[PDB]
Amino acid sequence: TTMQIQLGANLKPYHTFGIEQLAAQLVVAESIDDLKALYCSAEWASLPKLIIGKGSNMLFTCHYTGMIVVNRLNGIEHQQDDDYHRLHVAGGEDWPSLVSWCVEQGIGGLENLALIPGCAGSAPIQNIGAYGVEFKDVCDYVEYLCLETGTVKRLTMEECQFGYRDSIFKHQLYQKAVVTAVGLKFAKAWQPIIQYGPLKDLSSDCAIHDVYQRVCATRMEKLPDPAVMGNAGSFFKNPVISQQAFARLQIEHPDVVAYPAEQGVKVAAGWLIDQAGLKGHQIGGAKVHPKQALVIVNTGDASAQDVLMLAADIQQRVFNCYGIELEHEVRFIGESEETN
């Protein structure tokens, strides 16, 4: 009963905003061969296709008239050096589950990425990061179905061109590549990364588990669970501006919060939105969550239009207070593929 095409499928079960909407067609892929039949064959060559993991970084903005392809390729294989653990993770694997698995195996280095919703295959697309770690830091390689050849190719971590919330799959490989698996590499001499938020209370000889527990604890405290109130996480990226640009900003706003970046300064958008006095602001069913002001939440009856107008309102207010232009991180889906 696999590779059954669902016609007129409701999308709420398929993305974390949980907004009422449907897809002309939807199918669950479960193997490399399914993706190969779906993307590199005459059958279903008719429909535009959107590959999704958990839809935890997505907003459907109208009736989706293509075929949604739900990535559920499973498998975790493990091996180890004298020096490293290496995992080969199928792209459909659930990410919060994978980090819990590493932690329970005693595999150190993934724990700052605890509870980020999504599939392992989506992790490289926006180079997920939290608590001072990013996917590029643990990445050995990425494998993908090459839409031009119908064969699986491999990129080293270098060839992925990772940046803040960025990679080659949002550029050259955009719509040309379906990630089928991720190679993760972790030093056996584990080093806690412990400089962010409540991890600062930890000490540098703590255990993997200590770090993981703290991350889970804080996240479950600050971020709404989307099965309770729909959301897509931090709606905007932290804007990255020059040093000089930052110093200028900081003359009028000496209080402004910054995060490290190699090129220029990354400014905390949470802080910008909060000082702009936007916490709790609602349009229709969409609201700025007061405990983490980057997260637009669905209070129950949001439309995509609500979310989009609230985003526009925040962006407007932020640009006025600070002359800074926030860039949305959530992908906006139209009839077929992304818009604006």
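Just count from 1 along the sequence shown to find any residue number.
Chemist: Could you check which stretch, 221-229 or 189-197, carries the larger mean CA temperature factor in the entry?
Modeler: Of 189-197 and 221-229, the stretch with the higher C-alpha B-factor average is 221-229.
Chemist: As stated in the PDB record, which stretch has the larger average Cα B-factor, 32-40 or 267-275?
Modeler: Here the higher of the two C-alpha B-factor means belongs to 267-275.
Chemist: Identify, among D94, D140, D255, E134, the residue whose C-alpha carries the highest B-factor in the deposited PDB entry.
Modeler: Spelled out: the listed residue with the top C-alpha B-factor is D255.
Chemist: Could you check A123, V178, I251, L98 and tell me which one carries the biggest Cα B-factor in the deposited entry?
Modeler: Largest recorded C-alpha B-factor: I251.
Chemist: Comparing against every modelled residue in the chain, figure out the third that the C-alpha B-factor of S204 lands in (lowest, middle or highest).
Modeler: For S204, whose C-alpha B-factor we compare with every modelled residue in the chain, the answer is the highest third.
Chemist: In terms of the CA temperature factor given in the entry, to which third of its chain does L47 belong: lowest, middle or highest?
Modeler: Tercile = highest for this residue's CA B-factor.
Chemist: Lowest, middle or highest third of the chain for the C-alpha temperature factor of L73?
Modeler: For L73, whose C-alpha B-factor we compare with every modelled residue in the chain, the answer is the middle third.
Chemist: Quick check for you: using the entry's CA B-factors within this chain, is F236 in the lowest, middle or highest third?
Modeler: Middle third by C-alpha B-factor.
Chemist: Taking the C-alpha B-factors as the PDB entry records them, is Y174 in the lowest, middle or highest third of its chain?
Modeler: For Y174, the deposited C-alpha B-factor lands in the middle third.
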